[PDB]
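Read the structure below first, then the notes.
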Amino acid sequence: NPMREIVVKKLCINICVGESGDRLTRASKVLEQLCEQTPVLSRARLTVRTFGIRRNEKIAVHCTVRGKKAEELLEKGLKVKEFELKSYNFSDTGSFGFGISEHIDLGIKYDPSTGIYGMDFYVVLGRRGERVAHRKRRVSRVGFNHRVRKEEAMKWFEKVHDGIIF
RNA sequence: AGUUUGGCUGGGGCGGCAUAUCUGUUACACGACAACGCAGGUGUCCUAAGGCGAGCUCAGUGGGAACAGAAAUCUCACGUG
Ligand SMILES: [Mg+2]
Ligand SMILES: [Mg+2]
Ligand code: NA
């Protein structure tokens with residue numbers, strides 16, 4: 001069927017830094033730069049003495065991207081990881097992710113003020129017509145065979161660009 | 001000089017509060033029912049923790065992502081409470 005193909009729904013970038021000061025402020029500037037889109041902050045839940053954080057205190061910053069920018073951002077990440085992944089990176093849901101250690105490598109001019117950060121990339125894949133599980137009116141469940149499974153995920157990956165090590 | 005120096009109570013005293021009151025059970029499938037019977041509360045707190053409209057779904061579990069681990073943040077699914 002023409003609309004049984006697998007497309008990329010969204011790509012989510014997350015930066016999980018500690019503290020709630022200038023480190024968070026600079027990280028937000030870096031993310032909104034690479035994302036050309038306003039990011040949002042996140043607050044903790046519990047209080048942990050070991051991690052030195054309190055409840056509802058600013059910790060991380062993240063954003064989500066859909067469309068062409070999502071596609072090209074994904075390409076840059078795979079280029080940094082030379083289009084090479086591992087077997088234990090794909091979930092049975094039908095998604096996968098990875099992480100770069102230095103934000104310089106993506107092709108961003110280093111600035112001596114912001115510093116160097118690492119980031120997380122997560123990609124969600126699914127067919128067309130999943131809105132039935134998200135619309136306000138007459139919400140239902142997607143069919144089982146229509147759902148995306150893990151085996152089809154790597155096959156999609158190799159099709160666009162191979163290089164998976166089991 | 002005048003007067004007073006609580007009560008209940010398996011005698012009275014010391015102890016306790018069964019002295020004004022709320023929930024479950026004793027209580028015998030309407031209602032009502034005792035003991036110093038059992039297990040616990042009350043003399044406060046809130047300009048929002050009051051009023052309404054809208055949006056959302058909780059506890060938890062499983063699969064995934066640099067530092068990150070049993071436990072930090074992001075994502076998908078299940079989830080009659
Ligand atoms: Mg009767
Ligand atoms: Mg009765
Ligand atoms: Na007496």
Side-chain angles (χ1 to χ4, degrees), chain A residues 6-21 23-28 30-32 34-35 37-48 50-54 56-66 70 73-106 108 114-157 164-165:
Chain A
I6 321 298
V7 314
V8 34
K9 293 288 191 193
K10 64 179 167 181
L11 153 79
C12 336
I13 314 184
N14 167 74
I15 293 134
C16 186
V17 78
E19 208 266 294
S20 53
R23 322 270 325 283
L24 208 20
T25 72
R26 289 193 298 278
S28 162
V30 167
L31 186 48
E32 83 93 46
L34 177 125
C35 188
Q37 168 178 4
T38 298
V40 289
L41 299 184
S42 284
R43 323 178 71 107
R45 291 205 307 107
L46 327 172
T47 293
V48 184
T50 310
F51 295 161
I53 59 167
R54 333 178 182 186
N56 46 81
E57 157 200 2
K58 326 294 263 299
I59 291 308
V61 50
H62 70 293
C63 190
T64 168
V65 165
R66 337 214 187 203
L73 257 287
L74 170 63
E75 209 283 336
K76 294 221 302 162
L78 301 180
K79 248 288 312 303
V80 172
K81 289 249 305 189
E82 68 270 350
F83 299 77
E84 198 274 344
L85 282 190
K86 304 227 66 81
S87 55
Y88 50 66
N89 276 359
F90 305 81
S91 70
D92 42 335
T93 287
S95 60
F96 73 96
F98 57 99
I100 63 105
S101 185
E102 266 98 320
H103 89 117
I104 275 191
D105 288 334
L106 299 314
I108 296 299
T114 83
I116 286 136
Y117 291 109
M119 299 168 347
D120 283 26
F121 288 79
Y122 211 87
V123 189
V124 190
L125 327 162
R127 320 188 146 81
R128 180 148 234 174
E130 94 301 340
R131 150 186 165 84
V132 189
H134 296 77
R135 63 193 173 187
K136 169 69 169 188
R137 197 171 74 85
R138 313 207 50 182
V139 30
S140 325
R141 323 186 65 290
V142 202
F144 166 74
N145 63 333
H146 201 99
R147 285 188 260 277
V148 168
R149 295 178 318 260
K150 190 254 208 63
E151 53 274 7
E152 306 167 4
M154 296 145 309
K155 298 328 268 283
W156 174 93
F157 179 66
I164 155 194
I165 285 299

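Scope of the values below: all heavy atoms of this structure, side chains included, with no hydrogens, waters or symmetry mates. In what follows, chains are A, B, ... by sequence order, proteins preceding strands, each numbered from 1.
- Sugar pucker of B/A68 is south, as judged by a negative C1'-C2'-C3'-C4' dihedral.
- Neighbours B/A71 and B/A72 do not stack on each other, since their six-membered rings do not meet both centres under 5.5 Å apart and planes tilted under 30°.
- In this structure, the ring-ring contact (aromatic ring centres under 6.0 Å, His included) partners of A/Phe98, at least two apart in sequence or on a different chain, are A/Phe121.
- A/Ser91 pairs by the side-chain hydrogen bond (donor to acceptor under 3.5 Å, both in side chains) definition with A/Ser95, not counting sequence neighbours.
- Regarding nucleotide B/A77, the torsion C1'-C2'-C3'-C4' is greater than zero, so its sugar is described as north.
- Residue A/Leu41 contributes atom CG, which lies 14 Å from atom P of B/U73 at whole-angstrom precision.
- B/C28 sits 15 Å from B/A34 when the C1' atoms are compared, rounded to a whole Å.
- Taking atom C1' on both nucleotides, B/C74 is separated from B/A66 by 13 Å, rounded to a whole Å.
- Residues satisfying the ring-ring contact (aromatic ring centres under 6.0 Å, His included) test with A/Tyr117, not counting sequence neighbours, are none.
- Annotated as syn: B/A48, whose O4'-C1'-N torsion sits within 90° of 0.
- A positive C1'-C2'-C3'-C4' angle places the sugar of B/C78 in the north (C3'-endo) family.
- No Watson-Crick or G-U wobble pair links B/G12 with B/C56 with both defining distances under 3.5 Å.
- Sorted by residue number, the members of residues 133-144 of chain A with any non-hydrogen atom under 4.0 Å from RNA chain B read A/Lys136, A/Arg141.
- Sugar puckers are classed by the sign of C1'-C2'-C3'-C4'; that of B/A48 comes out south, on the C2'-endo side.
- More than 12 heavy atoms of other residues, nucleotides or ligands sit less than 6.0 Å from atom CZ of A/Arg135.
- At least one side-chain nitrogen or oxygen of A/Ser42 sits closer than 4.0 Å to the OP1 or OP2 atom of B/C74.
- Taking a 6.0 Å sphere around NZ of A/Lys81, one finds it holds more than 12 heavy atoms contributed by other residues, nucleotides or ligands.
- Per the geometry, CZ belonging to A/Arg54 stands 19 Å off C1' belonging to B/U73, to the nearest Å.
- Under the 5.5 Å centre and 30° plane thresholds, the six-membered base rings of B/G43 and B/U44 are judged not to be stacked.
- Expressed to the nearest 0.5 Å, how far OG1 of A/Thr64 lies from CD of A/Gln37 amounts to 7.0 Å.
- No stacking contact links strand neighbours B/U19 and B/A20 by the limits of base ring centres under 5.5 angstrom apart and planes under 30 degrees.
- When the P atom is compared between B/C38 and B/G50, the two are found 39 Å apart, to the nearest whole Å.
- Comparing the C1' positions of B/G7 and B/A18 gives an interatomic distance of 13 Å, to the nearest angstrom.
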Item checked: Under 4.0 Å protein heavy-atom contacts per nucleotide of nucleotides 58-68 of chain B, with B for base, S for backbone only and - for none -> -----BBBBBB
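- Using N1 to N3 plus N6-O4 or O6-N4 for Watson-Crick, or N1-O2 and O6-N3 for G-U wobble, each under 3.5 Å, B/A77 pairs with B/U61.
- At whole-Å resolution of the value, NZ in A/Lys150 and P in B/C76 are 18 Å apart.
- Sugar pucker annotation for B/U42: north, assigned from a positive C1'-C2'-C3'-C4' dihedral.
- Between A/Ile164 atom CD1 and A/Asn89 atom CG the span is 9.0 Å, to the nearest 0.5 Å.
- Distance check on atom P: B/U9 versus B/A32 gives 27 Å, rounded to whole Å.
- As rounded to the nearest Å, B/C17 and B/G6 have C1' atoms that lie 14 Å from one another.
- A donor-acceptor pair under 3.5 Å is formed between the side chain of A/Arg127 and the backbone N or O of A/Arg147.
- Heavy atoms of A/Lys10 sit under 4.0 angstrom from primed sugar atoms or phosphate atoms, though from no base atom.
- Rounded to a whole angstrom, the distance from the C1' atom of B/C22 to that of B/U42 is 7 Å.
- Comparing the P positions of B/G79 and B/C58 gives a spacing of 12 Å, expressed to the nearest Å.
- Glycosidic torsion of B/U75 falls outside 90° of 0, placing the base in anti.
- Here the side chains of A/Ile15 and A/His103 are not in contact, with every heavy-atom distance at 4.5 Å or above.
- Among residues two or more places apart in sequence or in another chain, the side-chain contact (heavy atoms from CB on, under 4.5 Å) test is passed with A/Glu32 by A/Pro39.
- In this structure, B/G37 shows a glycosidic angle more than 90 degrees from zero, which is the anti conformation.
- Checked by atom type and distance alone, the side chain of A/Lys9 never pairs as donor or acceptor with a backbone atom of A/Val124 at under 3.5 Å.
- Base stacking between B/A49 and B/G50 is absent, since the six-membered rings fail either the under 5.5 Å centre distance or the under 30° plane angle.
- A/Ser87 and A/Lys150 get closest at one heavy-atom pair: O-CE, 4.3 Å.
- Under the 5.5 Å centre and 30° plane thresholds, the six-membered base rings of B/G64 and B/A65 are judged to be stacked.
- Using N1 to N3 plus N6-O4 or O6-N4 for Watson-Crick, or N1-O2 and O6-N3 for G-U wobble, each under 3.5 Å, B/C17 pairs with B/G7.
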